[PDB]
Amino acid sequence: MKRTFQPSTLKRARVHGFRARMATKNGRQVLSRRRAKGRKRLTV
Amino acid sequence: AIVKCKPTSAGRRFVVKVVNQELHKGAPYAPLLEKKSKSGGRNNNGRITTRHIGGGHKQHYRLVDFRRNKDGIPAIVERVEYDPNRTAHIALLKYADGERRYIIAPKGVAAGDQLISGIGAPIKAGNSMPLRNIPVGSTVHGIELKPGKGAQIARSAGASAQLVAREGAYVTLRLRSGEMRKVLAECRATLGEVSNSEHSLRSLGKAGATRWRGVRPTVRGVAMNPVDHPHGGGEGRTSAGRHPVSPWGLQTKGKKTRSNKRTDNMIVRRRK
RNA sequence: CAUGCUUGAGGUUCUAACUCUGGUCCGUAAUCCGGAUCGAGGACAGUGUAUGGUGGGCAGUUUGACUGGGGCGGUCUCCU
RNA sequence: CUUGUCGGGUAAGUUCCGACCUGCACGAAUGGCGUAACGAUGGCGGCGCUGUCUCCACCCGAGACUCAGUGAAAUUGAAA
RNA sequence: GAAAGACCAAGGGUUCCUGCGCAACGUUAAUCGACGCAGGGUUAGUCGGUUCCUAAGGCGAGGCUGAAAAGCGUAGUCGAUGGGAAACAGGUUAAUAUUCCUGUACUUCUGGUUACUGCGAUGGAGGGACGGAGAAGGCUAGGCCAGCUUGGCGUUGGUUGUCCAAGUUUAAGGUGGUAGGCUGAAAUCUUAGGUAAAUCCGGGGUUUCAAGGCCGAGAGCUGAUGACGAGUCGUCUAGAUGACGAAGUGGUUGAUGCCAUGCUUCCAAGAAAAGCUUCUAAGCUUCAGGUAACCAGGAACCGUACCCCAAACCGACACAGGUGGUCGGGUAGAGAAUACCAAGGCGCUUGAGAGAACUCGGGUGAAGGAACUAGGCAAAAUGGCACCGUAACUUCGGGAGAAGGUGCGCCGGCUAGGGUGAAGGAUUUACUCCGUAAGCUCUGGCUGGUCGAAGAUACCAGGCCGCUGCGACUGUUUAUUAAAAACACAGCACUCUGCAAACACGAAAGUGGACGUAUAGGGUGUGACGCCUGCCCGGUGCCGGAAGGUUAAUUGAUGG
RNA sequence: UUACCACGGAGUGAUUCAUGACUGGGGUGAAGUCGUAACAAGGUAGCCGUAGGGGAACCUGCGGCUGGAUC
Ligand SMILES: [Mg+2]
Ligand SMILES: [Mg+2]
Ligand SMILES: [Mg+2]
Ligand SMILES: [Mg+2]
Ligand SMILES: [Mg+2]
Ligand SMILES: [Mg+2]
Ligand SMILES: [Mg+2]
Ligand SMILES: [Mg+2]
Ligand SMILES: [Mg+2]
Ligand SMILES: [Mg+2]
Ligand SMILES: [Mg+2]
Ligand SMILES: [Mg+2]
Ligand SMILES: [Mg+2]
Ligand SMILES: [Mg+2]
Ligand SMILES: [Mg+2]
Ligand SMILES: [Mg+2]
Ligand SMILES: [Mg+2]
Ligand SMILES: [Mg+2]
Ligand SMILES: [Mg+2]
Ligand SMILES: [Mg+2]
Ligand SMILES: [Mg+2]
Ligand SMILES: [Mg+2]
Ligand SMILES: [Mg+2]
Ligand SMILES: [Mg+2]
Ligand SMILES: [Mg+2]
Ligand SMILES: [Mg+2]
Ligand SMILES: [Mg+2]
Ligand SMILES: [Mg+2]
Ligand SMILES: [Mg+2]
Ligand SMILES: [Mg+2]
Ligand SMILES: [Mg+2]
Ligand SMILES: [Mg+2]
Ligand SMILES: [Mg+2]
Ligand SMILES: [Mg+2]
Ligand SMILES: [Mg+2]
Ligand SMILES: [Mg+2]
Ligand SMILES: [Mg+2]
Ligand SMILES: [Mg+2]
Ligand SMILES: [Mg+2]
Ligand SMILES: [Mg+2]
Ligand SMILES: [Mg+2]
Ligand SMILES: [Mg+2]
Ligand SMILES: [Mg+2]
Ligand SMILES: [Mg+2]
Ligand SMILES: [Mg+2]
Ligand SMILES: [Mg+2]
Ligand SMILES: [Mg+2]
Ligand SMILES: [Mg+2]
Ligand SMILES: [Mg+2]
Ligand SMILES: [Mg+2]
Ligand SMILES: [Mg+2]
Ligand SMILES: [Mg+2]
Ligand SMILES: [Mg+2]
Ligand SMILES: [Mg+2]
Ligand SMILES: [Mg+2]
Ligand SMILES: [Mg+2]
Ligand SMILES: [Mg+2]
Ligand SMILES: [Mg+2]
Ligand SMILES: [Mg+2]
Ligand SMILES: [Mg+2]
Ligand SMILES: [Mg+2]
Ligand SMILES: [Mg+2]
Ligand SMILES: [Mg+2]
Ligand SMILES: [Mg+2]
Ligand SMILES: [Mg+2]
Ligand SMILES: [Mg+2]
Ligand SMILES: [Mg+2]
Ligand SMILES: [Mg+2]
Ligand SMILES: [Mg+2]
Ligand SMILES: [Mg+2]
Ligand SMILES: [Mg+2]
Ligand SMILES: [Mg+2]
Ligand SMILES: [Mg+2]
Ligand SMILES: [Mg+2]
Ligand SMILES: [Mg+2]
Ligand SMILES: [Mg+2]
Ligand SMILES: [Mg+2]
Ligand SMILES: [Mg+2]
Ligand SMILES: [Mg+2]
Ligand SMILES: [Mg+2]
Ligand SMILES: [Mg+2]
Ligand SMILES: [Mg+2]
Ligand SMILES: [Mg+2]
Ligand SMILES: [Mg+2]
Ligand SMILES: [Mg+2]
Ligand SMILES: [Mg+2]
Ligand SMILES: [Mg+2]
Ligand SMILES: [Mg+2]
Ligand SMILES: [Mg+2]
Ligand SMILES: [Mg+2]
Ligand SMILES: [Mg+2]
Ligand SMILES: [Mg+2]
Ligand SMILES: [Mg+2]
Ligand SMILES: [Mg+2]
Ligand SMILES: [Mg+2]
Ligand SMILES: [Mg+2]
Ligand SMILES: [Mg+2]
Ligand SMILES: [Mg+2]
Ligand SMILES: [Mg+2]
Ligand SMILES: [Mg+2]
Ligand SMILES: [Mg+2]
Ligand SMILES: [Mg+2]
Ligand SMILES: [Mg+2]
Ligand SMILES: [Mg+2]
Ligand SMILES: [Mg+2]
Ligand SMILES: [Mg+2]
Ligand SMILES: [Mg+2]
Ligand SMILES: [Mg+2]
Ligand SMILES: [Mg+2]
Ligand SMILES: [Mg+2]
Ligand SMILES: [Mg+2]
Ligand SMILES: [Mg+2]
Ligand SMILES: [Mg+2]
Ligand SMILES: [Mg+2]
Ligand SMILES: [Mg+2]
Ligand SMILES: [Mg+2]
Ligand SMILES: [Mg+2]
Ligand SMILES: [Mg+2]
Ligand SMILES: [Mg+2]
Ligand SMILES: [Mg+2]
Ligand SMILES: [Mg+2]
Ligand SMILES: [Mg+2]
Ligand SMILES: [Mg+2]
Ligand SMILES: [Mg+2]
Ligand SMILES: [Mg+2]
Ligand SMILES: [Mg+2]
Ligand SMILES: [Mg+2]
Ligand SMILES: [Mg+2]
Ligand SMILES: [Mg+2]
Ligand SMILES: [Mg+2]
Ligand SMILES: [Mg+2]
Ligand SMILES: [Mg+2]
Ligand SMILES: [Mg+2]
Ligand SMILES: [Mg+2]
Ligand SMILES: [Mg+2]
Ligand SMILES: [Mg+2]
Ligand SMILES: [Mg+2]
Ligand SMILES: [Mg+2]
Ligand SMILES: [Mg+2]
Ligand SMILES: [Mg+2]
Ligand SMILES: [Mg+2]
Ligand SMILES: [Mg+2]
Ligand SMILES: [Mg+2]
Ligand SMILES: [Mg+2]
Ligand SMILES: [Mg+2]
Ligand SMILES: [Mg+2]
Ligand SMILES: [Mg+2]
Ligand SMILES: [Mg+2]
Ligand SMILES: [Mg+2]
Ligand SMILES: [Mg+2]
Ligand SMILES: [Mg+2]
Ligand SMILES: [Mg+2]
Ligand SMILES: [Mg+2]
Ligand SMILES: [Mg+2]
Ligand SMILES: [Mg+2]
Ligand SMILES: [Mg+2]
Ligand SMILES: [Mg+2]
Ligand SMILES: [Mg+2]
Ligand SMILES: [Mg+2]
């Protein structure tokens, strides 16, 4: 049976990447919210 | 002519084809082709704005010349071609100094002809001139509305209009829809009617022939749920218990929708 | 009754406001956008504000109690 | 009402096919009445075939059973 | 064994190899491991990226729009799943190799020297450059057979021979311009065109010739007196090493691979841009730049281990699930079905017994033959090729493989055809034409004999028929209890819409409809086809009318 | 033992008789019911073909004929 997670490294970066979040001001709210809580990763 | 296929299959019984043996069957003229890509009925917000559109064959766009403003130079018809974008045929002209061009093919033009344009041209079918110097009572096609913009009216297969009256700087002509309209006499037109007038005798024959043209199935509103259509709902097979209406709530059995009010003076009398 | 200076509505016309998802010039190496100039319409259209009509397209809600289970029926205040 | 009544099919048919008209409460593009071909569509009837059945019998593998190793689960107030 | 074998891509990330280990992990033990510790291991001008080009789409200076955030979009510049330079064979490690080594190639750039010269783009032309189906060929890989070389003479009758086994290999490139496909060619005089120019492209006139020009598999030759090759010998220690090294040819068959982005045909009419060739503008002109020959030098950076239809990816698991593309041998066979094998891989990480009921998956079954049951559910049955034969009805295609029947193994006798192909013959003398005995290979015909219970013997492989309801048909649907009579459908009708269209998404700009134009576009119902579709405009909608009555903001006479 | 072949089997058609719930017209009947279509110019002249309509004879449209009276 086909499952929901089909990995793709290029599609992962283009939706959830660092430059994708920096493009819009709502993505930049996500990054500052994760810096405030102290996340080690901050982006995938 | 029209060709009726034999019932060798279940899907061939009711196919009636419009097969023209005079059409060119080589490649089109490449320097007058540009790419067009399908839209699916979606606008730049990505939303379906016109439904029942999708699929079909890949097509090039043919740069048809609707202005016909090479006045005074004679032309010759090289061939009549098939256009995926019209229901009418197109003709490849060759003017007296190179300059090949596509125009909408008139009814009788095949292989020679002269098809000159401008003032002082003869009154044979296929010639283009301003509406001032067109005899009253003649049949015209490819009518221009604004000077310098090109043909907009009477362009599909077998279309024509009648020049009925002439008075002042304007001129009145009866449209194929039964409407009397006044047009600026400076605008241009072509004599005769459009080719391929037998296009209306065809019969697609099967459901897959509609999908070849990029049309998707129509689901009727009485087959839906109340949340989808105003006609939806009911136990068993019902009949749209209200007055018939659009998916967005607009009456469709006789209610008028024209609300222009700016071009009203150009309408002599409506099509009713 | 005549004229005069006003004034409600009606019709016609003009061009100069406005409009053009019409042509050609420039910015420019550009089917965007501006400016210029021709052409068309024209005090209309259109937008702001005020107001009548329509409007399950959409919204927030209401739709009683008793009752030999509920519903249907009946009853709900006062006098003998 | 109803397994209406008559005919056919069966030894026997509340289902099936053909009719009658008393249509509780058919009916003409929420189409009426037919229709060759088509259907993992509904009903009924035949031929062949048979462990479906009278009515089960024997045989072959995998478990169940015993020995060695590893080792769960729902449940549970306490139980002479 | 069309995989349970090999190889790419995605995904993973050291799981790869070697020493030392067994606590935990491994559904049991483990000396073993995809497990623990420590070392090692991935080598490129040609492979894949990067660099060059663009598609859908994204972002978008200025701009237009919008309470703000922001939306749309022009110039532009990102974005492969596509376009665009060039390498093969052999050897080698415990682990890499088209990357290292050996041999033989190819592409592109830089700097010099010589010789001769009109150079120049972001702009113009050409080219790149393309659909579905189908059919005739030509060829190659691959497969068989024969010959050859080396070895053998068989635990049991025979086996020195029409006997047995193995091997009989070799690329890119260069040369060659073939089967075949497309196309008329040259000279000269001009020019309402290609936004300007143009010797280039396009258009026109005249003369001459009947021949050029462009693509194009493959053969042959050469690469290659070399590599490889069973094996033989010498040294070291059942194994390593160095040297040597046989034969290595002919015939048939033949692809779904190549010619082929070809050819024919049909409608649903079948990417862009760059690299590339050429023309010229602004500019140089005796610097620049260009074309040839020779000499010298260069080709950076990143990925290369290993799994990869799985125990390493997605499913919490060493999980009967899922996962794109390529290769794909023999005997039978129409076949990539099926069966038995090859190369290669594996026996699925608890075993041993014993042979109760009962459960699961199967085999056979007396006499009946649907009596079973809601219902022939399930099972049994049919099943191939050739020939004979086949009803109602019909939209004339069908129904139809209707129904039903006959033959089929093996060994001989006679006999008829096709393909390939020596010798010969012809002229265009050579990658050519005709034609060929034997050999090899593929189709048949009529005549006997013979064995068994049975010859389509296994696997494989339609059950058929008669009345009716529904839906015309092929299609679609409730991922995970409903596949249908439901949805769609071709056809039919009503209605709206004159183009800045109606309509839809958007506070708006704008976008779709549509680079469409009433034979068009939207909505609504019905649902192939045949015969038809009757009466009612009182209600509620829609359409037309404008006389009269009622009637909003607004204005403000009059009165208090 | 083979060849020929009668009886008898199996499958599927054609044709022809009898019969069949129920249905369609026709003929013959008697002092029945409704009308009055034709024969006179039958009181709207009749017939012929075709189409629609109607309790029924029949009516109406289109084309045709005189086998139509007055004149
Ligand atoms: Mg998920
Ligand atoms: Mg921050
Ligand atoms: Mg068809
Ligand atoms: Mg192009
Ligand atoms: Mg539609
Ligand atoms: Mg189209
Ligand atoms: Mg069609
Ligand atoms: Mg439809
Ligand atoms: Mg609809
Ligand atoms: Mg519909
Ligand atoms: Mg439904
Ligand atoms: Mg529904
Ligand atoms: Mg919705
Ligand atoms: Mg609703
Ligand atoms: Mg229902
Ligand atoms: Mg109902
Ligand atoms: Mg319903
Ligand atoms: Mg628009
Ligand atoms: Mg106004
Ligand atoms: Mg107004
Ligand atoms: Mg307003
Ligand atoms: Mg509602
Ligand atoms: Mg609502
Ligand atoms: Mg509500
Ligand atoms: Mg509330
Ligand atoms: Mg509530
Ligand atoms: Mg209340
Ligand atoms: Mg209560
Ligand atoms: Mg009660
Ligand atoms: Mg009580
Ligand atoms: Mg009680
Ligand atoms: Mg009580
Ligand atoms: Mg109680
Ligand atoms: Mg009943
Ligand atoms: Mg009954
Ligand atoms: Mg009965
Ligand atoms: Mg029964
Ligand atoms: Mg029955
Ligand atoms: Mg019945
Ligand atoms: Mg009844
Ligand atoms: Mg009904
Ligand atoms: Mg009706
Ligand atoms: Mg009904
Ligand atoms: Mg019916
Ligand atoms: Mg189907
Ligand atoms: Mg279906
Ligand atoms: Mg049926
Ligand atoms: Mg029965
Ligand atoms: Mg038993
Ligand atoms: Mg057993
Ligand atoms: Mg034990
Ligand atoms: Mg135990
Ligand atoms: Mg197989
Ligand atoms: Mg295997
Ligand atoms: Mg494998
Ligand atoms: Mg990876
Ligand atoms: Mg992982
Ligand atoms: Mg390791
Ligand atoms: Mg290992
Ligand atoms: Mg070890
Ligand atoms: Mg131990
Ligand atoms: Mg363990
Ligand atoms: Mg263990
Ligand atoms: Mg296990
Ligand atoms: Mg390890
Ligand atoms: Mg772009
Ligand atoms: Mg943008
Ligand atoms: Mg900006
Ligand atoms: Mg780019
Ligand atoms: Mg790529
Ligand atoms: Mg590519
Ligand atoms: Mg490429
Ligand atoms: Mg390896
Ligand atoms: Mg090398
Ligand atoms: Mg170009
Ligand atoms: Mg391509
Ligand atoms: Mg083609
Ligand atoms: Mg093709
Ligand atoms: Mg061979
Ligand atoms: Mg020998
Ligand atoms: Mg022996
Ligand atoms: Mg012996
Ligand atoms: Mg060779
Ligand atoms: Mg070669
Ligand atoms: Mg040739
Ligand atoms: Mg590697
Ligand atoms: Mg590797
Ligand atoms: Mg693999
Ligand atoms: Mg395991
Ligand atoms: Mg697995
Ligand atoms: Mg798959
Ligand atoms: Mg095979
Ligand atoms: Mg098969
Ligand atoms: Mg097997
Ligand atoms: Mg085996
Ligand atoms: Mg093996
Ligand atoms: Mg196991
Ligand atoms: Mg059993
Ligand atoms: Mg069983
Ligand atoms: Mg069994
Ligand atoms: Mg059995
Ligand atoms: Mg037995
Ligand atoms: Mg038995
Ligand atoms: Mg028996
Ligand atoms: Mg029987
Ligand atoms: Mg029974
Ligand atoms: Mg019983
Ligand atoms: Mg039962
Ligand atoms: Mg069954
Ligand atoms: Mg059975
Ligand atoms: Mg079975
Ligand atoms: Mg079976
Ligand atoms: Mg039948
Ligand atoms: Mg048969
Ligand atoms: Mg015998
Ligand atoms: Mg049969
Ligand atoms: Mg049968
Ligand atoms: Mg019936
Ligand atoms: Mg029924
Ligand atoms: Mg259906
Ligand atoms: Mg169906
Ligand atoms: Mg039907
Ligand atoms: Mg039908
Ligand atoms: Mg029907
Ligand atoms: Mg199909
Ligand atoms: Mg089918
Ligand atoms: Mg389901
Ligand atoms: Mg379902
Ligand atoms: Mg189904
Ligand atoms: Mg199901
Ligand atoms: Mg459905
Ligand atoms: Mg629309
Ligand atoms: Mg329409
Ligand atoms: Mg619609
Ligand atoms: Mg329907
Ligand atoms: Mg239907
Ligand atoms: Mg339907
Ligand atoms: Mg129907
Ligand atoms: Mg009304
Ligand atoms: Mg009325
Ligand atoms: Mg009105
Ligand atoms: Mg039979
Ligand atoms: Mg029969
Ligand atoms: Mg008989
Ligand atoms: Mg009879
Ligand atoms: Mg009878
Ligand atoms: Mg009787
Ligand atoms: Mg009469
Ligand atoms: Mg009378
Ligand atoms: Mg009379
Ligand atoms: Mg009378
Ligand atoms: Mg008379
Ligand atoms: Mg007659
Ligand atoms: Mg008559
Ligand atoms: Mg009529
Ligand atoms: Mg009649
Ligand atoms: Mg009448
Ligand atoms: Mg008539
Ligand atoms: Mg008459």
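A, B, ... follow the sequence lines: proteins, then strands. Residue 1 opens every chain.
Counting any heavy atom pair closer than 4.0 Å across all strands shown, B/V19 reaches sugar-phosphate atoms only and no base atom. Here A/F5 lies in heavy-atom contact (under 4.0 Å) with sugar-phosphate atoms only. B/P217 comes within 4.0 angstrom of the backbone, heavy atoms only, and of no base. Residue B/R100 is in sugar-phosphate contact alone, with no base atom involved, counting any heavy-atom pair closer than 4.0 Å across all strands shown. B/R262 comes within 4.0 angstrom of a base, heavy atoms only. Looking at heavy-atom distances under 4.0 Å, B/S177 makes contact with a base. No engagement by B/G178 is indicated, since no non-hydrogen atom pair under 4.0 Å with the nucleic acid exists.
B/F66 carries B/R155 over the face of its six-membered ring, with the cationic atom under 6.0 Å from the centre and within 45° of the normal.
OP1 or OP2 of E/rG12 lies within a sub-4.0 Å distance of a side-chain N or O belonging to A/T9. The phosphate of E/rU511 (OP1 or OP2) has no side-chain N or O of B/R42 nearer than 4.0 angstrom. Put simply, B/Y170 has a side-chain N or O that comes within less than 4.0 Å of OP1 or OP2 on C/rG41.
When the P atom of E/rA490 is taken as reference, atom NZ of B/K4 falls 18 Å away, rounded to whole Å. Between B/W248 atom CH2 and C/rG57 atom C1' the separation is 12 Å, expressed in whole Å. Following rounding to the nearest Å, B/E179 (CD) and E/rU517 (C1') show an atom-to-atom distance of 13 Å.
Here E/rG103 does not sit opposite E/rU526 as a base pair, Watson-Crick or G-U wobble, with both distances under 3.5 Å. Judged by Watson-Crick and G-U wobble geometry, where both atom pairs must sit under 3.5 Å apart, E/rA356 and E/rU160 do not count as a base pair. Applying the 3.5 Å cutoff to both bonds, E/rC20 and E/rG36 register as a Watson-Crick or G-U wobble pair. Using the rule of two distances under 3.5 Å, E/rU364 and D/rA57 count as a Watson-Crick or G-U wobble pair.
Applying the 90° criterion around 0 to the glycosidic angle, E/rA34 comes out syn. Look at C/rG68: its glycosidic torsion is within 90° of 0, and that puts it in the syn range.
Donor-acceptor pairing under 3.5 Å is recorded for the side chains of B/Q162 and B/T139.
Taking the P atoms as reference points, D/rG43 lies 41 Å from E/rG389, given to the whole Å.
Within residues 128-162 of chain B, the residues approaching RNA chain C are B/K146, B/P147, B/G148, B/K149, by heavy-atom distance under 4.0 Å.
Checked by distance alone, B/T49 brings no side-chain donor or acceptor within 3.5 Å of a matching partner on the base of E/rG513.
Stacking of B/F14 onto the six-membered ring of E/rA490 is not present when judged by under 5.5 angstrom between centres and under 30° between planes.
Sugar pucker annotation for D/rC67: north, assigned from a positive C1'-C2'-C3'-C4' dihedral.
For the side chain to side chain contact (heavy atoms under 4.5 Å, CB included) with B/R270, the lone residue among B/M180, B/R181, B/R258 that qualifies is B/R258.
Classification of B/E99 and B/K70 as a salt-bridged pair fails, no side-chain N sitting under 4.0 Å from a carboxylate O.
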